[PDB]
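Structure data follow from protein.pdb (PDB, C-alpha atoms):
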```pdb
ATOM      1  CA  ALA L 274    -140.553-124.216 -18.294
ATOM      2  CA  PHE L 275    -142.055-127.450 -16.908
ATOM      3  CA  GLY L 276    -142.843-125.859 -13.572
ATOM      4  CA  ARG L 277    -141.626-126.322 -10.031
ATOM      5  CA  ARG L 278    -139.834-129.545  -9.108
ATOM      6  CA  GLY L 279    -141.805-131.589  -6.665
ATOM      7  CA  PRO L 280    -143.332-134.941  -5.710
ATOM      8  CA  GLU L 281    -146.614-134.846  -7.658
ATOM      9  CA  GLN L 282    -147.354-137.061 -10.643
ATOM     10  CA  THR L 283    -147.800-133.969 -12.830
ATOM     11  CA  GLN L 284    -144.469-132.341 -11.689
ATOM     12  CA  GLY L 285    -140.934-133.106 -12.884
ATOM     13  CA  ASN L 286    -138.568-134.140 -10.067
ATOM     14  CA  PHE L 287    -135.204-133.698 -11.802
ATOM     15  CA  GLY L 288    -132.753-130.853 -11.298
ATOM     16  CA  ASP L 289    -130.761-129.048  -8.610
ATOM     17  CA  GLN L 290    -130.777-125.261  -8.249
ATOM     18  CA  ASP L 291    -127.856-124.779 -10.663
ATOM     19  CA  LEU L 292    -129.656-126.681 -13.461
ATOM     20  CA  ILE L 293    -132.826-124.725 -12.632
ATOM     21  CA  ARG L 294    -130.981-121.373 -12.760
ATOM     22  CA  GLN L 295    -128.738-122.067 -15.746
ATOM     23  CA  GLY L 296    -130.655-124.541 -17.985
ATOM     24  CA  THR L 297    -128.596-125.628 -21.013
ATOM     25  CA  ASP L 298    -125.837-123.231 -19.749
ATOM     26  CA  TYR L 299    -125.201-125.511 -16.749
ATOM     27  CA  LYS L 300    -121.584-126.809 -16.735
ATOM     28  CA  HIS L 301    -122.594-130.492 -16.611
ATOM     29  CA  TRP L 302    -125.623-130.264 -18.990
ATOM     30  CA  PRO L 303    -123.921-132.181 -21.790
ATOM     31  CA  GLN L 304    -123.085-135.041 -19.388
ATOM     32  CA  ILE L 305    -126.779-135.236 -18.460
ATOM     33  CA  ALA L 306    -128.161-134.767 -21.980
ATOM     34  CA  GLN L 307    -126.222-137.744 -23.321
ATOM     35  CA  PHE L 308    -128.801-139.937 -21.440
ATOM     36  CA  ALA L 309    -131.785-138.288 -23.117
ATOM     37  CA  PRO L 310    -133.303-140.556 -25.829
ATOM     38  CA  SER L 311    -133.361-139.558 -29.564
ATOM     39  CA  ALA L 312    -136.844-139.545 -31.133
ATOM     40  CA  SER L 313    -136.147-143.092 -32.475
ATOM     41  CA  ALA L 314    -135.026-144.375 -29.077
ATOM     42  CA  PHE L 315    -137.915-142.688 -27.272
ATOM     43  CA  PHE L 316    -140.529-144.399 -29.464
ATOM     44  CA  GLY L 317    -138.490-147.578 -29.794
ATOM     45  CA  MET L 318    -137.698-148.222 -26.109
ATOM     46  CA  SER L 319    -140.625-146.755 -24.229
ATOM     47  CA  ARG L 320    -144.028-148.127 -23.284
ATOM     48  CA  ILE L 321    -146.287-145.600 -25.027
ATOM     49  CA  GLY L 322    -149.944-145.172 -24.238
ATOM     50  CA  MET L 323    -152.752-142.738 -24.682
ATOM     51  CA  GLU L 324    -155.282-141.530 -22.150
ATOM     52  CA  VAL L 325    -158.277-139.287 -22.186
ATOM     53  CA  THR L 326    -158.882-137.455 -18.940
ATOM     54  CA  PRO L 327    -160.955-134.345 -18.113
ATOM     55  CA  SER L 328    -158.002-132.117 -19.063
ATOM     56  CA  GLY L 329    -157.543-133.634 -22.563
ATOM     57  CA  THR L 330    -155.757-136.437 -24.401
ATOM     58  CA  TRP L 331    -152.293-137.388 -23.183
ATOM     59  CA  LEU L 332    -149.509-139.432 -24.699
ATOM     60  CA  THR L 333    -148.075-141.375 -21.768
ATOM     61  CA  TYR L 334    -144.588-142.828 -21.687
ATOM     62  CA  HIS L 335    -142.350-144.911 -19.430
ATOM     63  CA  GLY L 336    -139.176-146.858 -19.687
ATOM     64  CA  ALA L 337    -135.682-147.428 -18.392
ATOM     65  CA  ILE L 338    -132.251-146.710 -19.844
ATOM     66  CA  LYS L 339    -129.382-149.048 -18.897
ATOM     67  CA  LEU L 340    -126.238-147.099 -17.985
ATOM     68  CA  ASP L 341    -123.049-148.517 -19.451
ATOM     69  CA  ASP L 342    -121.108-149.671 -16.404
ATOM     70  CA  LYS L 343    -118.015-150.433 -18.466
ATOM     71  CA  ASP L 344    -117.883-146.724 -19.446
ATOM     72  CA  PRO L 345    -114.930-145.147 -17.615
ATOM     73  CA  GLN L 346    -117.281-142.277 -16.677
ATOM     74  CA  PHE L 347    -119.919-144.644 -15.180
ATOM     75  CA  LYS L 348    -119.315-143.893 -11.466
ATOM     76  CA  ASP L 349    -119.301-140.123 -12.169
ATOM     77  CA  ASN L 350    -122.424-140.353 -14.396
ATOM     78  CA  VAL L 351    -124.274-142.067 -11.523
ATOM     79  CA  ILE L 352    -123.141-139.401  -9.044
ATOM     80  CA  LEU L 353    -124.231-136.595 -11.429
ATOM     81  CA  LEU L 354    -127.638-138.084 -12.083
ATOM     82  CA  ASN L 355    -128.240-138.782  -8.389
ATOM     83  CA  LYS L 356    -127.323-135.137  -7.610
ATOM     84  CA  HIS L 357    -130.284-133.946  -9.699
ATOM     85  CA  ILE L 358    -132.876-136.695  -8.993
ATOM     86  CA  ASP L 359    -135.206-135.310  -6.253
ATOM     87  CA  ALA L 360    -132.745-132.450  -5.582
ATOM     88  CA  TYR L 361    -135.718-130.221  -4.710
ATOM     89  CA  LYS L 362    -135.995-132.055  -1.356
ATOM     90  CA  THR L 363    -132.708-130.352  -0.404
ATOM     91  CA  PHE L 364    -133.686-126.792  -1.394
ATOM     92  CA  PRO L 365    -134.087-123.801   1.007
ATOM     93  CA  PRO L 366    -137.837-123.125   1.094
ATOM     94  CA  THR L 367    -137.289-119.396   0.389
ATOM     95  CA  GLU L 368    -135.951-120.660  -2.893
ATOM     96  CA  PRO L 369    -135.730-118.926  -5.234
TER      97      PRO L 369
ATOM     98  CA  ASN N 270    -134.500-152.323 -38.104
ATOM     99  CA  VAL N 271    -136.561-151.052 -35.113
ATOM    100  CA  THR N 272    -136.690-154.434 -33.425
ATOM    101  CA  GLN N 273    -132.975-155.167 -33.971
ATOM    102  CA  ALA N 274    -132.256-151.763 -32.428
ATOM    103  CA  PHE N 275    -134.729-151.676 -29.510
ATOM    104  CA  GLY N 276    -136.011-155.270 -29.366
ATOM    105  CA  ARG N 277    -139.329-156.942 -30.195
ATOM    106  CA  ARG N 278    -142.618-155.082 -29.695
ATOM    107  CA  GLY N 279    -144.601-156.786 -26.922
ATOM    108  CA  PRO N 280    -146.559-156.617 -23.654
ATOM    109  CA  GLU N 281    -143.740-156.917 -21.127
ATOM    110  CA  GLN N 282    -142.633-153.968 -18.986
ATOM    111  CA  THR N 283    -139.076-154.242 -20.377
ATOM    112  CA  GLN N 284    -140.241-154.189 -24.059
ATOM    113  CA  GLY N 285    -141.300-151.265 -26.246
ATOM    114  CA  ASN N 286    -144.864-151.568 -27.443
ATOM    115  CA  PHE N 287    -144.900-148.933 -30.247
ATOM    116  CA  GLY N 288    -144.975-149.437 -34.029
ATOM    117  CA  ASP N 289    -146.782-151.457 -36.689
ATOM    118  CA  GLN N 290    -145.155-153.828 -39.159
ATOM    119  CA  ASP N 291    -144.193-150.952 -41.560
ATOM    120  CA  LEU N 292    -142.726-148.683 -38.893
ATOM    121  CA  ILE N 293    -140.712-151.515 -37.425
ATOM    122  CA  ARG N 294    -139.301-152.469 -40.867
ATOM    123  CA  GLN N 295    -138.700-148.914 -42.078
ATOM    124  CA  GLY N 296    -137.697-146.972 -39.003
ATOM    125  CA  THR N 297    -136.954-143.286 -39.599
ATOM    126  CA  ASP N 298    -137.632-143.948 -43.315
ATOM    127  CA  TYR N 299    -141.284-144.655 -42.534
ATOM    128  CA  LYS N 300    -143.508-142.196 -44.522
ATOM    129  CA  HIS N 301    -145.170-140.717 -41.393
ATOM    130  CA  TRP N 302    -142.129-140.733 -39.107
ATOM    131  CA  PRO N 303    -141.723-136.929 -38.775
ATOM    132  CA  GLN N 304    -145.447-136.646 -37.868
ATOM    133  CA  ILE N 305    -144.715-139.110 -35.025
ATOM    134  CA  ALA N 306    -141.318-137.788 -34.076
ATOM    135  CA  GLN N 307    -142.725-134.299 -33.350
ATOM    136  CA  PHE N 308    -144.047-135.837 -30.099
ATOM    137  CA  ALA N 309    -140.680-137.105 -28.771
ATOM    138  CA  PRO N 310    -139.250-134.762 -26.126
ATOM    139  CA  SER N 311    -136.053-132.802 -26.526
ATOM    140  CA  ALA N 312    -133.319-133.510 -23.999
ATOM    141  CA  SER N 313    -134.408-130.449 -22.022
ATOM    142  CA  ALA N 314    -138.091-131.502 -22.090
ATOM    143  CA  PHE N 315    -137.184-135.114 -21.219
ATOM    144  CA  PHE N 316    -135.276-134.063 -18.083
ATOM    145  CA  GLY N 317    -137.536-131.134 -17.273
ATOM    146  CA  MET N 318    -140.923-132.809 -17.538
ATOM    147  CA  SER N 319    -140.394-136.461 -16.607
ATOM    148  CA  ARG N 320    -140.267-138.262 -13.277
ATOM    149  CA  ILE N 321    -136.739-139.669 -13.226
ATOM    150  CA  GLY N 322    -135.442-142.386 -10.873
ATOM    151  CA  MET N 323    -132.401-144.631 -10.608
ATOM    152  CA  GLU N 324    -132.604-148.354  -9.955
ATOM    153  CA  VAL N 325    -129.767-150.797  -9.202
ATOM    154  CA  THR N 326    -130.921-154.363  -9.894
ATOM    155  CA  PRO N 327    -129.340-157.770 -10.702
ATOM    156  CA  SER N 328    -129.094-156.825 -14.428
ATOM    157  CA  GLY N 329    -127.498-153.403 -13.823
ATOM    158  CA  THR N 330    -128.089-149.741 -13.112
ATOM    159  CA  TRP N 331    -131.049-148.133 -14.847
ATOM    160  CA  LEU N 332    -132.246-144.533 -15.280
ATOM    161  CA  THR N 333    -136.013-144.807 -15.102
ATOM    162  CA  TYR N 334    -138.446-142.314 -16.576
ATOM    163  CA  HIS N 335    -142.111-141.654 -16.939
ATOM    164  CA  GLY N 336    -144.373-138.808 -17.896
ATOM    165  CA  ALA N 337    -147.246-137.651 -20.065
ATOM    166  CA  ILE N 338    -147.376-135.188 -22.956
ATOM    167  CA  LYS N 339    -150.587-133.222 -23.435
ATOM    168  CA  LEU N 340    -151.807-133.338 -27.028
ATOM    169  CA  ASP N 341    -153.043-129.920 -28.242
ATOM    170  CA  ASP N 342    -156.693-130.418 -29.258
ATOM    171  CA  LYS N 343    -156.806-126.915 -30.841
ATOM    172  CA  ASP N 344    -154.103-127.959 -33.345
ATOM    173  CA  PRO N 345    -155.760-128.638 -36.791
ATOM    174  CA  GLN N 346    -153.542-131.752 -37.114
ATOM    175  CA  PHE N 347    -154.844-133.179 -33.769
ATOM    176  CA  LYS N 348    -157.394-135.593 -35.298
ATOM    177  CA  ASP N 349    -154.867-137.153 -37.645
ATOM    178  CA  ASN N 350    -152.115-137.217 -35.006
ATOM    179  CA  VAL N 351    -154.199-139.196 -32.481
ATOM    180  CA  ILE N 352    -155.331-141.656 -35.145
ATOM    181  CA  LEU N 353    -151.678-142.197 -36.178
ATOM    182  CA  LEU N 354    -150.323-142.609 -32.703
ATOM    183  CA  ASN N 355    -153.182-144.952 -31.795
ATOM    184  CA  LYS N 356    -152.413-147.105 -34.866
ATOM    185  CA  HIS N 357    -148.879-147.770 -33.763
ATOM    186  CA  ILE N 358    -149.543-148.156 -30.021
ATOM    187  CA  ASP N 359    -149.744-151.950 -29.294
ATOM    188  CA  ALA N 360    -149.902-152.660 -33.019
ATOM    189  CA  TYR N 361    -147.977-155.965 -32.288
ATOM    190  CA  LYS N 362    -151.309-157.355 -30.989
ATOM    191  CA  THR N 363    -152.337-157.582 -34.686
ATOM    192  CA  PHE N 364    -149.198-159.351 -35.856
ATOM    193  CA  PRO N 365    -149.984-162.960 -36.966
ATOM    194  CA  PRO N 366    -148.669-165.771 -34.740
TER     195      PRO N 366
END
```

For this file, produce the structure as structure tokens.
Amino acid sequence: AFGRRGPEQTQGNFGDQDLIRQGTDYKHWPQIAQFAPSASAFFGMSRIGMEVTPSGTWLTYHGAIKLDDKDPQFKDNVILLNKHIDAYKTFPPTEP
Amino acid sequence: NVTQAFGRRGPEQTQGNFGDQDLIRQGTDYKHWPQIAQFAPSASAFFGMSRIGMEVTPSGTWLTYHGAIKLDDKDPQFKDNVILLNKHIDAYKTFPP
């Protein structure tokens, strides 16, 4: 969908092979998706910008979401997210 | 409204910078909100397209994100969409002191 995971600025870096294979069918997808911002939160929280490069006009965004560390699921949420962040570094190269 | 929910618009890295005085007062009731909202990623797009990190700092644990969404210049609505987004980006610079 958004291409191969990898280290480049134009690549996404999130997702292990199960999330890649299964997408929204992945057993822990709801537990991940809860951290995704609503449209209101995305435009309300983020630093939004616009840039014009040789490939077109881009709407840039960045920000940071504070995890609720009083949530009983906090420690497990952190483990789950960490599992997927830069997971590609762990992949067999013959993957897929 | 928007600023009670997501804090003041401003220049700092921890603050949001998007929305003019009408957007921030009206929120999702703002007349042009759906035309803006079309640009916000789905959960799948947010996790699939962004660069995601995790940072543990004195204030807490934060899921960081950044990315860029290509605007479709072939779309007939492109001209109006970029003018609208541009209006709201850093609009707080025009707010009186």

**OP:** With the file shown as input, list the residues that the PyMOL selection byres ((chain N and resi 282) around 10) selects, as an NGL selection string.
**Re:** (:L and (319-320 or 335-337)) or (:N and (279-281 or 283-286))

Original post:
To one decimal place, how far is CA of residue 325 (chain L) from CA of residue 317 (chain N) in Å?
Top reply: 22.8 Å

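Among N:270, N:328, N:313, N:346, the residue with the shortest atom-to-atom distance to residue 297 (chain N), counting all atoms listed in the file, is N:270.
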
Subject >> Distance filter 7 Å, all atoms listed in the file, chain N against chain L, as an MDAnalysis selection string >> reply: chainID N and resid 271 275 284:287 306 309 312 315:322 329:340 358

**OP:** Starting from the displayed file, determine the output of the PyMOL selection byres ((chain N and resi 304) around 10) and express the residue list as a list in words.
**Re:**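 Matching residues under the PyMOL selection byres ((chain N and resi 304) around 10) are residues 300, 301, 302, 303, 305, 306, 307, 308, 346, 349, 350, 353 and 354 of chain N.
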
**OP:** Step by step, work through what the PyMOL selection byres ((chain N and resi 293) around 10) selects in the shown file, and finish by giving those residues as number ranges by chain.
**Re:** L: 317; N: 270-275, 277-278, 287-292, 294-297, 299, 357, 361

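The space separating CA of residue 289 (chain L) from CA of residue 361 (chain L) comes to 6.4 Å.
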
Subject >> One-decimal distance in Å that lies between CA of residue 294 (chain L) and CA of residue 363 (chain L) >> reply: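 Rounded to one decimal, the two atoms are 15.4 Å apart.
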
Can you sort out the box for region 290-297 of chain N, edges along x, y and z, all listed atoms in, 8 Å on every side, with centre and edge lengths in Å to one decimal, as lines of an AutoDock Vina configuration file?
```
center_x = -141.1
center_y = -148.6
center_z = -39.8
size_x = 24.2
size_y = 26.5
size_z = 20.7
```

Pull N, CA and C atoms for region 288-321 of chain L from the block and write them as a CSV table (one decimal), in the first residue's frame.
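Generated output (part_35.csv):
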```csv
chain,number,residue,atom,x,y,z
L,288,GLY,N,5.8,-1.7,11.2
L,288,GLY,CA,5.1,-2.9,10.9
L,288,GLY,C,6.0,-4.1,10.8
L,289,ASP,N,5.7,-5.2,11.6
L,289,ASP,CA,6.3,-6.5,11.4
L,289,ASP,C,5.7,-7.3,10.3
L,290,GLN,N,6.2,-8.5,10.1
L,290,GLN,CA,5.7,-9.3,8.9
L,290,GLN,C,4.3,-9.7,9.0
L,291,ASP,N,3.8,-9.9,10.2
L,291,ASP,CA,2.4,-10.2,10.4
L,291,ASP,C,1.4,-9.1,10.0
L,292,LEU,N,1.8,-7.8,10.5
L,292,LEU,CA,1.0,-6.7,10.1
L,292,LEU,C,1.1,-6.5,8.6
L,293,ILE,N,2.3,-6.7,8.0
L,293,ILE,CA,2.4,-6.6,6.6
L,293,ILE,C,1.5,-7.6,5.8
L,294,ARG,N,1.6,-8.8,6.3
L,294,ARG,CA,0.8,-9.9,5.6
L,294,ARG,C,-0.8,-9.8,5.8
L,295,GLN,N,-1.2,-9.4,7.0
L,295,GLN,CA,-2.5,-9.4,7.4
L,295,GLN,C,-3.3,-8.1,7.4
L,296,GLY,N,-2.5,-7.0,7.5
L,296,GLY,CA,-3.2,-5.7,7.5
L,296,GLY,C,-4.3,-5.5,8.6
L,297,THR,N,-5.4,-5.0,8.3
L,297,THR,CA,-6.4,-4.8,9.4
L,297,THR,C,-6.9,-6.1,10.0
L,298,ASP,N,-6.6,-7.3,9.4
L,298,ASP,CA,-6.9,-8.6,9.9
L,298,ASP,C,-6.0,-9.1,11.0
L,299,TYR,N,-4.8,-8.4,11.2
L,299,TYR,CA,-3.9,-8.7,12.2
L,299,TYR,C,-4.5,-8.7,13.6
L,300,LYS,N,-4.2,-9.7,14.4
L,300,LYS,CA,-4.8,-9.9,15.7
L,300,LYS,C,-4.8,-8.7,16.7
L,301,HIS,N,-3.7,-8.0,16.6
L,301,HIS,CA,-3.5,-6.8,17.5
L,301,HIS,C,-3.7,-5.5,16.8
L,302,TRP,N,-4.3,-5.5,15.6
L,302,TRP,CA,-4.5,-4.2,14.9
L,302,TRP,C,-5.4,-3.2,15.7
L,303,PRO,N,-6.5,-3.6,16.3
L,303,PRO,CA,-7.2,-2.6,17.1
L,303,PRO,C,-6.4,-2.0,18.2
L,304,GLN,N,-5.5,-2.7,18.9
L,304,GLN,CA,-4.6,-2.2,19.9
L,304,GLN,C,-3.6,-1.2,19.4
L,305,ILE,N,-3.2,-1.3,18.2
L,305,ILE,CA,-2.4,-0.3,17.5
L,305,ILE,C,-3.2,0.9,17.0
L,306,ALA,N,-4.3,0.7,16.4
L,306,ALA,CA,-5.2,1.7,15.8
L,306,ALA,C,-5.7,2.7,16.8
L,307,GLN,N,-5.9,2.3,18.0
L,307,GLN,CA,-6.3,3.2,19.1
L,307,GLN,C,-5.4,4.4,19.2
L,308,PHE,N,-4.2,4.3,18.7
L,308,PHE,CA,-3.2,5.4,18.9
L,308,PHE,C,-3.2,6.3,17.7
L,309,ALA,N,-3.9,5.9,16.6
L,309,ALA,CA,-4.0,6.7,15.4
L,309,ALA,C,-4.9,7.9,15.7
L,310,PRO,N,-4.5,9.2,15.3
L,310,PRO,CA,-5.3,10.3,15.5
L,310,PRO,C,-6.6,10.4,14.7
L,311,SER,N,-7.7,10.9,15.2
L,311,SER,CA,-8.9,11.3,14.4
L,311,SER,C,-8.5,12.5,13.5
L,312,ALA,N,-9.3,12.7,12.5
L,312,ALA,CA,-9.0,14.0,11.7
L,312,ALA,C,-8.9,15.2,12.6
L,313,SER,N,-9.7,15.4,13.6
L,313,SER,CA,-9.6,16.6,14.5
L,313,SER,C,-8.3,16.6,15.2
L,314,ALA,N,-7.9,15.5,15.8
L,314,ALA,CA,-6.7,15.4,16.5
L,314,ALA,C,-5.4,15.5,15.6
L,315,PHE,N,-5.5,15.0,14.4
L,315,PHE,CA,-4.4,15.1,13.5
L,315,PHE,C,-4.2,16.6,13.1
L,316,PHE,N,-5.2,17.3,12.7
L,316,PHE,CA,-5.0,18.7,12.5
L,316,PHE,C,-4.8,19.6,13.7
L,317,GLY,N,-5.3,19.1,14.9
L,317,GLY,CA,-5.2,19.9,16.1
L,317,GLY,C,-3.9,19.8,16.8
L,318,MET,N,-3.3,18.6,16.8
L,318,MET,CA,-2.1,18.3,17.5
L,318,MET,C,-0.8,18.5,16.7
L,319,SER,N,-0.9,18.2,15.4
L,319,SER,CA,0.3,18.2,14.6
L,319,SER,C,0.9,19.6,14.2
L,320,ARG,N,2.2,19.6,13.8
L,320,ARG,CA,2.8,20.7,13.1
L,320,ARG,C,2.6,20.4,11.6
L,321,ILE,N,1.8,21.2,11.0
L,321,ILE,CA,1.4,21.0,9.6
L,321,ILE,C,2.2,22.0,8.7
```
